[PDB]
Amino acid sequence: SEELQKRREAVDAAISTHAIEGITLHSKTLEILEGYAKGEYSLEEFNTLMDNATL
Amino acid sequence: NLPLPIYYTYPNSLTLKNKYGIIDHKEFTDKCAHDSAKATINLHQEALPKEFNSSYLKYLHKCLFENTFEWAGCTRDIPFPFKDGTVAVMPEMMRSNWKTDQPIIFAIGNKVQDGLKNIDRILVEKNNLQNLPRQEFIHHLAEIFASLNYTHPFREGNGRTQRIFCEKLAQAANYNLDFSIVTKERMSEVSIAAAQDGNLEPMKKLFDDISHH
């Protein structure tokens, strides 16, 4: 899937930009990003999960 | 009520004033990175702009940091009025590297505007780096990246803003810029070489390695 490949590239870019600063994302952040990359839920539902995440 | 650099940070703290009210650096970093990751995902689904310039760079900072900083999208040379009634400004900024003798001094005062306008001139003259031979694209991408490193236009979030700006610039020029193969160490090494030695070749080598047409 072209769409899922674009989502995976966005997620890898989000991880890289923090890793290049020496920042590891919170486990909850990574879990929500992974679900989006895999097509488990929409961009809107991804946004809801991020805003509702307990850190 | 004179604007000052001190008003960017909480009283008696080294932590930047933020919308989360978090003074603990670890917890602040976690939440700021969480929101920046959310913004990144939404940004990569957004249609590319017709023009790349310093206004677009400020928009990207606004997108990445709107939920973290009241001053998201605002540059450090311009007095910024916080909701708390204080006014912050930081015309003078420097960064020390633990392996380097002398600090890197960023653009002073209104030289921040000059740095932003510098990239605008390059991007107008070179048509957003589109329709160029590969060698020219790599050279000007490196010139832009090194120029933004010196300008350091924002109080914080420069690196993150600069990288997505350059990914999007590359995408509009039919290139995929892959920062995932670049380590924190390699990024720092090439940036110090351009800043202190005036040597752009390590940065150009890095961009050549990570640019895929």
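Residues numbered from 1 in each chain as written, not as in the entry; some residues may be left out. Chains lettered and ligands numbered in written order. Heavy atoms only, no water.

- As summarised from the PDB record, the model derives from X-ray crystallography at a stated resolution of 1.6000 Å.

- The name the PDB entry gives chain B is Bartonella effector protein (Bep) substrate of VirB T4SS, with Bartonella rochalimae ATCC BAA-1498 as the organism.
- The record lists its title as "FIC domain of Bep1 from Bartonella rochalimae in complex with BiaA".

- Under the PDB entry, the name given to chain A is antitoxin 1, and the organism recorded is Bartonella rochalimae ATCC BAA-1498.

## Looking at the overall build of chain B
Move 1: A count of helices and strands for chain B gives seven helices and six strands.
Move 2: Along its sequence from the N terminus, chain B presents helices and strands in the succession α-α-β-β-β-β-α-α-α-β-α-α-β.
Move 3: Taken over C-alpha atoms, the radius of gyration comes to 17 Å for chain B, in line with the 17 Å a tight globule of 213 residues would show.
Move 4: Principal axes of the C-alpha set define a box for chain B whose edges measure 50 × 40 × 30 Å.
Move 5: Looking at chain B as a whole, 51% of its 213 residues are labelled buried.
Move 6: For chain B, restricting intrachain contacts to residue pairs at least 6 apart in sequence, the fraction spanning at least 24 positions comes to 66%.
Move 7: For chain B, the exposed surface amounts to about 10600 Å²; the carbon and sulfur share of it is 52%.
Move 8: Here chain B contributes 25 positively and 26 negatively charged side chains, and the mean placements of these two sets differ by 3 Å. (Helix = DSSP H or I, 4+ residues; strand = E, 2+ residues; numbered from the N terminus. Rg over C-alpha atoms; globule rule 2.2 N^0.38 Å. Buried < 20%, exposed > 50% of the residue type's maximum accessible area, 1.4 Å probe, protein only. Contact = heavy atoms within 4.5 Å. Areas by Shrake-Rupley, 256 points an atom, 1.4 Å probe, with all protein chains shown as cover. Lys, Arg positive; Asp, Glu negative; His and termini not counted. Charge placed at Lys NZ, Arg CZ, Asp CG, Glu CD.)

## Topic: helix α3 (residues 111-125) of chain B
For an α-helix, 3.6 residues make a turn, and residues three or four places apart therefore share a direction.
All names here are of chain B.
Move 1: With 15 residues, α3 should cover 21 Å at 1.5 Å per step; its first-to-last C-alpha distance of 21 Å lies within 8% of that length.
Move 2: Along α3, the residues that are buried comprise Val112, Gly115, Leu116, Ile119, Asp120, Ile122 and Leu123. Buried residues in α3, looked at end-on, bunch into an arc of 165°, giving them a common side. Facing away from the buried surface of α3 by more than 90 degrees, the exposed residues are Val124 and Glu125.
Move 3: The inward-facing, buried residues of α3 abut α2 (54-65), α4 (134-151) and α5 (158-172). (Expected span 1.5 Å × (residues − 1). Arc of directions from axis to C-beta.)

## Observations concerning the interface of chain A and chain B
Move 1: Every contact between the two is made by 24 residues of chain A and, on the other side, 23 residues of chain B.
Move 2: Taken over both partners, the interface formed by chain A and chain B buries close to 2100 Å², and the fraction arising from carbon and sulfur atoms is 64%.
Move 3: Put simply, chain A and chain B have three salt bridges between them.
Move 4: Linking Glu21(A) and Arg160(B) is a salt bridge whose minimum nitrogen-to-oxygen distance equals 3.0 Å.
Move 5: Viewed at the interface, chain B and chain A are joined by nine residue pairs in polar contact.
Move 6: The biggest single contributor to the side of chain A that touches chain B is helix α1 (residues 2-19) of chain A, with eight residues. (Buried area = accessible area lost by both parts, 1.4 Å probe. Salt bridge = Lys/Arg side-chain N within 4 Å of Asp/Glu carboxyl O. Polar contact = N/O pair within 3.5 Å; in protein donor to acceptor, adjacent residues only side chain to side chain.)

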